[PDB]
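Cβ: placed from backbone, ideal geometry, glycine included. Neighbour counts: every protein chain shown. Every number in this text was worked out from the coordinates using simple rules, so none of it is lab data.
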Amino acid sequence: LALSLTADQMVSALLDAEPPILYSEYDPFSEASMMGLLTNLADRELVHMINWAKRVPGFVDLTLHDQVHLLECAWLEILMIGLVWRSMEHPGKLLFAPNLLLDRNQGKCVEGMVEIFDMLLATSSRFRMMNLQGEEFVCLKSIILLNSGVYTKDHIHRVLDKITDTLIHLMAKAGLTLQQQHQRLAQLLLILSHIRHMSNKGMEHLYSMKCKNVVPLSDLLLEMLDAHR
Amino acid sequence: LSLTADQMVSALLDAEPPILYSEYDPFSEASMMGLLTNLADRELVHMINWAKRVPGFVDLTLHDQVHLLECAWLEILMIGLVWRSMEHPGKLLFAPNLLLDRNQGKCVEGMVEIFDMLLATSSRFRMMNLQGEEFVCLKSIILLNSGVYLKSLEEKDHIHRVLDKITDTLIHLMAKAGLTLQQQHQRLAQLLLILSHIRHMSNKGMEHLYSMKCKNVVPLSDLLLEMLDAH
Amino acid sequence: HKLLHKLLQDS
Amino acid sequence: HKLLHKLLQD
Ligand SMILES: C[C@]12CC[C@@H]3c4ccc(O)cc4CC[C@H]3[C@@H]1CC[C@@H]2O
Ligand SMILES: C[C@]12CC[C@@H]3c4ccc(O)cc4CC[C@H]3[C@@H]1CC[C@@H]2O
């Protein structure tokens with residue numbers, strides 16, 4: 001399906017595959033209670049992410065083991081790019097959930113966390129200045145799903161070409177010049193390098209939390225974490 | 001900035017660091033890491049030189065320049081390696097006298113997975129048929145991009161401006177090669193998405209290297225140590 | 001196979 | 001500063 005869709009039809013399919021914004025179990029902070037809240041939430045979103053991924057055109061065509069490999073590789077990038085998108089209207093703050101809007105000061109409650117907070121806030125700031133659109137956001141999110149572990153295949157790259165066609169088409173439709181289109185595409189795609197960075201840091205931190213026995217992790221969360229070894 | 005697309009490629013081509021050598025002399029973990037880190041230390045000195053010649057870079061403050069380099073150093077080393085390795089499938093050309101396949105990665109704990117990744121990236125280059133012109137653009141994009149995320153604003157702008165110029169340059173190269181507009185924007189993306197994987201490989205090597213320092217497997221230069229320490 | 005594998009195929 | 005700062009400056 002993915003390869004023969006018009007760019008408008010690809011946008012729509014991605015838009016109606018979107019998982020909902022969930023809520024936190026919220027309600028003082030401690031390092032244990034904050035990691036608890038964030039991992040409870042992460043685990044619940046992961047179940048929706050599994051269902052969202054199964055509604056991404058092109059993802060549905062892959063083998064089960066390729067699907068798994070890619071979800072494992074990209075799961076935290078994906079949580080992170082959602083978090084950032086959510087946090088656009090809330091500068092200086094991170095909207096993990098509508099009832100869990102955290103600032104920099106609150107990130108300090110957990111050891112090693114504030115550095116990742118700052119990166120996420122910078123990413124969210126970058127999207128705000130670029131005036132990122134939702135249609136661009138869902139394109140980006142699906143690029144991550146298909147791209148991040150694609151080197152860890154021809155079909156995957158063709159679907160990626162399709163999503164590139166789709167981003168451009170949106171930019172063109174919004175009145176941008178050819179030069180502005182390819183520049184903005186580059187800008188968007190270069191941010192994924194930073195999102196990959198933020199993921200590998202987040203992955204190390206979570207692993208440090210498990211090792212220090214800060215928080216108990218569900219099996220799902222422990223499997224995703226374990227795929228990064 | 002006031003250079004043509006062709007002058008941009010010229011400038012970057014003329015600033016390329018040399019391909020360095022290792023020693024000519026059944027690897028231990030110590031011997032290979034000694035050789036690999038000695039080479040990286042020697043490549044870094046040249047890399048600092050090369051960065052000053054990436055258009056728009058020296059117009060940044062020293063603090064920023066330092067930051068970007070600390071951020072990117074391993075990524076730059078890696079893409080360079082991957083580019084040297086392109087015509088040598090199954091192998092990594094660290095130096096013309098140090099061609100290592102994946103098995104030899106097993107000589108150091110945790111290394112062969114990094115080898116596999118690097119080998120996967122060189123394949124991708126070979127499938128795409130990456131051109132030298134394209135490569136030096138990507139290397140320069142890595143330098144400016146990796147560490148960028150009130151006057152601070154004015155500096156960021158400048159970097160994004162230079163980045164925009166390299167994107168135009170990449171597109172110009174594809175346009176000249178005769179690629180349709182669709183193929184141009186597809187290739188640009190394929191090129192840029194690889195940068196994500198290089199970030200990943202870099203983060204892994206950084207951690208691998210820090211472990212090696214911790215083990216005292218190998219002596220590291222003050223420079224290589226401070227770049228490691230920067231992360 | 002992991003818990004993930006089922007979750008993904010049945011979901 | 002750092003070693004890198006001087007190498008870049010010089
Ligand atoms: C993985 C962490 C817990 C879960 C966090 C989360 C939880 C939910 C979510 O939507 C996004 C993120 C991004 C940051 C993640 C954190 C970074 C470090 C921490 O261990
Ligand atoms: C940094 C490491 C040693 C130096 C290696 C190197 C050394 C020189 C070079 O041009 C590229 C690379 C890439 C991989 C690097 C290695 C990855 C892990 C190892 O710690």
Selection within the range B:159-194 - in contact with an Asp or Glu (Cβ under 8 Å, 6 or more places away or on another chain) and surrounded by fewer than 16 Cβ atoms within 10 Å (Cβ to Cβ)
B:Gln182
Those residues that are farther than 20 Å from A:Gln9 by Cα, part of a helix (DSSP H, G or I) and out of contact with any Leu (no Cβ under 7 Å at 6 or more places or on another chain), I need them from the range A:49-65; list them, please.
A:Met49, A:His65
Surrounded by fewer than 18 Cβ atoms within 10 Å (Cβ to Cβ) and not charged (D, E, K, R): which single residue out of B:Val9, B:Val58, B:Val82 fits that description?
B:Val58
Members of the range A:47-102 that are within 11 Å of chain C (Cβ to nearest Cβ) and either within 16 Å of ligand 2 (Cβ to nearest atom) or of a type in the set (D, E, K, R) (or both):
A:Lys54, A:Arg55, A:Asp66, A:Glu72
Scan the range A:128-135 and give yes if some residue there is among the basic types (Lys, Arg) and either under 19 Å from A:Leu1 (Cα atoms) or at the interface with chain B (Cβ under 9 Å from one of its Cβ atoms) (or both), otherwise no.
no
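Given the options B:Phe27, B:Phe57, name the one that is more than 17 Å from the chain's Cα centre (by Cα) and aromatic (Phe, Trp, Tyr).
B:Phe27
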Could you tell me whether any residue of the range A:194-204 is more than 14 Å from chain B (Cβ to nearest Cβ) and assigned to a helix (DSSP H, G or I)?
no
Out of A:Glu135, A:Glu115, report the one residue that is within 15 Å of ligand 1 (Cβ to nearest atom) and not small (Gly, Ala, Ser).
A:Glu115
Of all residues in the range B:206-231 being within 11 Å of chain A (Cβ to nearest Cβ) and under 30 Å from A:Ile156 (Cβ atoms), the one that is surrounded by the fewest Cβ atoms within 10 Å (Cβ to Cβ):
B:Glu207
Mind telling me which of the residues B:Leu163, B:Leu92, B:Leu119, B:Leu99 ends up being more than 21 Å from B:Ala40 (Cβ to Cβ) and either outside any helix (DSSP H, G or I) or more than 14 Å from the chain's Cα centre (by Cα) (or both)?
B:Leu163
Looking only at the range A:99-112, which residues are within 12 Å of ligand 1 (Cβ to nearest atom) and more than 24 Å from A:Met224 (Cα to Cα)?
A:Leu102
Do the conditions hold for B:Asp41, that is, is it away from ligand 1 (no atom under 16 Å from the Cβ) and touching a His at 6+ places or on another chain (Cβ under 7 Å)?
no
Options B:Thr37, B:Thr61; residue that is under 15 Å from B:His208 (Cβ atoms) and polar (S, T, N, Q):
B:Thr37
With the requirement that a residue be in contact with a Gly (Cβ under 8 Å, 6 or more places away or on another chain) and not β-branched (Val, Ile, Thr), what does the range B:173-228 give you?
B:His208, B:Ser211, B:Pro219
